[PDB]
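Student: Below: one structure in structure tokens.
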Amino acid sequence: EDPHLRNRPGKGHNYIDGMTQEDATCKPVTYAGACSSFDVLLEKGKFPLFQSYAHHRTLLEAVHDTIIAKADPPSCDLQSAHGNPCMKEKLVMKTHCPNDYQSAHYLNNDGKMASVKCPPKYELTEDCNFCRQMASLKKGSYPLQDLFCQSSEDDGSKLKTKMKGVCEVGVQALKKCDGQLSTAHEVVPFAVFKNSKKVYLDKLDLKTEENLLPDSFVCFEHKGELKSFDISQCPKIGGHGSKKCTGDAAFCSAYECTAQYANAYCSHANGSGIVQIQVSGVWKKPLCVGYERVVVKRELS
Amino acid sequence: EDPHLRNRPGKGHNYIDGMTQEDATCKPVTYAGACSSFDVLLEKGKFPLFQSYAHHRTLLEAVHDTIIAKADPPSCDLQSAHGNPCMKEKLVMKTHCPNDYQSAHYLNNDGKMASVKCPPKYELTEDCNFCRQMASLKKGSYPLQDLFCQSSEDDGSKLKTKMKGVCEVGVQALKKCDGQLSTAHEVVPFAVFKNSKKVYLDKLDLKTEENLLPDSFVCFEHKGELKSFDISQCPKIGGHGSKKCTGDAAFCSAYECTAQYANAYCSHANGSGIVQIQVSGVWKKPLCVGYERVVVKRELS
Amino acid sequence: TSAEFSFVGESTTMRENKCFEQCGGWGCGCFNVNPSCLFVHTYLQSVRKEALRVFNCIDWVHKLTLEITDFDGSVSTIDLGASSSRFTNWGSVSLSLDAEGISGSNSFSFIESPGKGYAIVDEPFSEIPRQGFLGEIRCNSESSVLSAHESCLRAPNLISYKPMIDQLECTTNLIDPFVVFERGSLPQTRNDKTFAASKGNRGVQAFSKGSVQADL
Amino acid sequence: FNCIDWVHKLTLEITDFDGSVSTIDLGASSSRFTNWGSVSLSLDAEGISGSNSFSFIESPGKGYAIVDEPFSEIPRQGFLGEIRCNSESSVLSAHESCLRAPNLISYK
């Protein structure tokens, strides 16, 4: 019930490495600023999964926190040479990006991250598979997948696509085809672990496991309402600190509370903590679980 | 029908040390004048207990009547960090203070009056927990509770909280708990006897015993529009009295009525008398019973 | 379907949205002491790749497959039963006398299997579905069984749920039609006739004895 | 709760080919999900009928019990199953959403 959808834990950086153009307004990402790579994540009717899970991290924040690696090149330019590795994974995807956007990032196959790049002044289209010519053009990127990042270091490189009766989904060449193969764009779940491939899913069992973590509390600065305030300036239990801080039982159980003798009010975020996954009957912890609309080839005959 | 909301049976002083600014018109409290420390007790949808029973003393009137003592210091400061009586009790408070207010008072554990205030020119917030800046401040304080005091000398200085199944309610530490305690912010009725602590109760029973006390009769002067008049100057059958009064059968049954040869109109103020509550199956007469929203911790094994 | 499962996607499939309540506290995750909720989104999925069309027969029409040869040479193959009519190049044809009919077939249901044989069930036709009876989950076409269309009719509260804190087991008790299909597979000894499949035209027939007495 | 039919459940511990040992169960004509596909029960000629006239009581932590009386549907005064609810919080915390019979509290 807490309307803290703009407060980002950790550091609050959303600009990606490759399109560092909107870094003047999204640093740090807080209640202020009009970052094009975060405004569409909270609009009603776009990515409801991130609307349900918004107190954690994103894919960009995971890249900045040394969680999700970047491919080579991390931002494949669309107007340069003749062939780039960041195209076979883009044409198979079918999304809907609004107008006035230059870049569009997505998830690759090797577990890293690869985005596109268009030289000025090129904008996207209704699908984003190709950047054509020309409000003003946003100097950022549009999230092509409905996923969310989180702090995790669970290893899982010995798992592959767990989909039965599927020929070649996305760009992964699984099993061969001998009869009728479909090609309809359907949603498929996936979950990439640490240093692994784009592992798809079939049965998802999400849950909420909260824990007393420093990156699970939100707060706003008080002054003569929601204001930006760094959480790292909160003293510990009898430790030290620069300014002051206070909160409820969750925020005051681990940090020091001074009641009215502070400048903010730290509150525990609803659902923030540890979000595990149940794949192959074994409870695991993913990194950036989400959905995507790629080309699914199912063997009907 | 609501009784005389302006007449106060007793003292009539509604001012605390440190904010003595409304003593010119709020000393005592009658039909003429106004006071910010008393008009909030009649607002609809907030304090219905005082609206139901208005013929009794409040908190400040009980303090000025040599009944409820004052803490040291009686007026706490909102800037003296690390060193104040109001801290552990104020932290477990969840109230709502209106805007344009500076001071705030409540009932402490020792049965006194521990008020807090900020230096000029500061105001309070919406929840009455922090202190922001700023239109004009009021000349009084806002009570954060809905309690009323009486006049009694009943014994009961060795009685504490008689709640069953509650580990630590508000600030008192009854029984020790180490498991999973409840954190729900509920309302619990409290009561304070003669020289006792804050005794919480789970259930209470009310009653009404009307008498013929001199304070249970008002006086409205005739001029030929009704103005207040001192009822103590009424003629007593066999006692004293200079200014003649008049009224109905209730006024003439104990006093003397002359109508045209009198000076004021008397009437039986309905809704007064001695009100005693049933504490633990025994009808007692406390000195400050009401309601407050504190932290209640119950055993959950 | 609120925001708890709106990100899954729309699909024409007989699905449902449930809601349960487990526990809270710090033993499983949650800052509030109140028990947490448990939203369940269960949808049907046909694990097989074959479909069956269960039908019945209220009367047995004595069909006579006639191969009428035209005058010019256009040989056509038609059929006549009881009092039916067809279309030919020279006009039409109908059946007159037909004193060969068997009554009493409402207490038997038939199952059609594309590719394989047919079957017979010794029970009357199922009209209204209910739990613990043959003919629970039904539809109206082949896509309603293979792709599981949401237009198919079914009984409410047909999916059981056994939550285990962090586990979920949503199973049903649907009767496998292949069990009865393999138990009562044609041919079967019924009274004194032989029931089997038909030739040329898809349908059920019967093998009787005697001669052919009719008027064309 | 009650039991309208006794399903002959067979708890089967299916071992996969790679080594993933899973534990499931099959009853009458049920189906589960395994790593190699699925499994169902065919023949099941073992069932007991006539259990509608008995009600069961579940106790978390302790054992169970049996009552020699049919299931209670509508509540009424002087019968087992008066004040009822829908969840554990409706019994522990006494939720308003629980159904009960009117004029159930006496006054003297």
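Every read-out reported here was derived from the displayed coordinates using simple, explicitly stated rules and does not represent laboratory data. Ideal geometry is used to build each Cβ from the backbone, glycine not excepted, and the neighbour counts take in all protein chains shown.
Student: Can you give the average number of partner chain beta-carbon atoms within 10 Å of each beta-carbon in peptide C:22-32, as a whole number?
Tutor: Across C:22-32, the average partner-chain Cβ count within 10 Å equals 5.
Student: If you add up the charges near A:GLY241, with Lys and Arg at +1 and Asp and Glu at -1, over every other residue whose beta carbon is less than 14 angstrom from its beta carbon, what do you get?
Tutor: Local net charge: +1.
Student: Which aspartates and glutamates does A:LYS11 reach when only Cα atoms under 15 Å apart count, and residues fewer than 8 places away in its own chain are ignored?
Tutor: A:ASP23, A:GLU61, A:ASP65, A:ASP215, A:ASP230
Student: What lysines could a cross-link reach from D:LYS9, if we take a straight Cα to Cα line under 20 Å and drop same-chain neighbours fewer than 8 places away?
Tutor: C:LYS162
Student: Taking amide H positions as placed 1.01 Å from N in the peptide plane, with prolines and chain starts having none, which residues 5 or more places from B:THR183, or on another chain, fall under 5 Å of its amide H?
Tutor: The answer is C:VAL33.
Student: Note the distances from A:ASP155 to each other copy's matching label point, with points 7 Å along the Cα-to-beta-carbon direction, in nm, sorted shortest first.
Tutor: The projected label point of A:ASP155 is separated from its counterparts by 7.6 nm.
Student: If you count, for every residue in C:41-53, the Cβ atoms of partner chains within 10 Å of its Cβ, what is the mean?
Tutor: What the average comes to for C:41-53 is 1.
Student: C:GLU16's amide H: which non-local residues (gap 5+, or another chain) put their own amide H closer than 5 Å, with H modeled 1.01 Å from N in plane and none for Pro or chain starts?
Tutor: Answer set, sorted by chain and number: C:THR42.
Student: Go through the stretch B:76-84 residue by residue and turn each phi into a ³J(HN,Hα) via Karplus (6.51, -1.76, 1.60, θ = phi - 60°); whole Hz please, and just put x for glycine and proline.
Tutor: 6, 10, 8, 10, 6, 6, 6, x, 7
Student: Run down the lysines and flag those whose C-alpha is under 20 Å from the C-alpha of C:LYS209, throwing out any fewer than 8 positions away in its chain.
Tutor: Counting by Cα, and skipping residues close in sequence, C:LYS209 has these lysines nearby: C:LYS63, C:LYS193, C:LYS199.
Student: Give the long-range amide H neighbours of C:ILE78: residues separated by 5 or more places, or on another chain, with amide H under 5 Å away, using H modelled in the peptide plane at 1.01 Å from N.
Tutor: Residues meeting the amide H criterion: C:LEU66, C:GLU67, C:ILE68.
Student: Starting from the Cα of C:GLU21, step 7 Å toward the Cβ, then list every residue of the stretch D:70-95 with an amide N under 15 Å from that point.
Tutor: D:84-95
Student: Residue by residue, what Karplus-based ³J(HN,Hα) values in Hz, rounded to whole numbers, does the stretch A:100-116 have, using 6.51, -1.76 and 1.60 with θ = phi - 60° and x for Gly and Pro?
Tutor: 3J(HN,Hα) across the stretch A:100-116, in whole Hz: 6, 9, 9, 10, 8, 8, 7, 9, 8, 10, 7, x, 7, 7, 9, 10, 10.
Student: Shifting gears a bit: Quick one: of B:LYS197/B:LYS284; A:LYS70/A:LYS197; B:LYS207/B:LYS236, which pairs are farther than 24 Å apart, Cα to Cα?
Tutor: Exceeds cut-off: B:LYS207/B:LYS236.
Student: How many angstrom separate the Cα center of the stretch B:263-301 from the Cα center of the stretch A:253-301?
Tutor: 49 Å
Student: With a cap of 12 neighbouring Cβ atoms within 10 Å, and only residues DSSP puts in a loop, list the trypsin sites (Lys or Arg not before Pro) found in the stretch C:21-85.
Tutor: C:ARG48, C:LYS49
Student: If we hang a label 7 Å off Cα along the beta carbon direction at A:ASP178, how far is it from the matching labels on the other copies, in nm, shortest first?
Tutor: Distances between equivalent label points, in nm: 6.7.
Student: Using only the Cα atoms of the stretch A:198-291, construct the convex hull and provide its projected area averaged over every direction, in square nanometres to one decimal.
Tutor: It is 8.4 nm².
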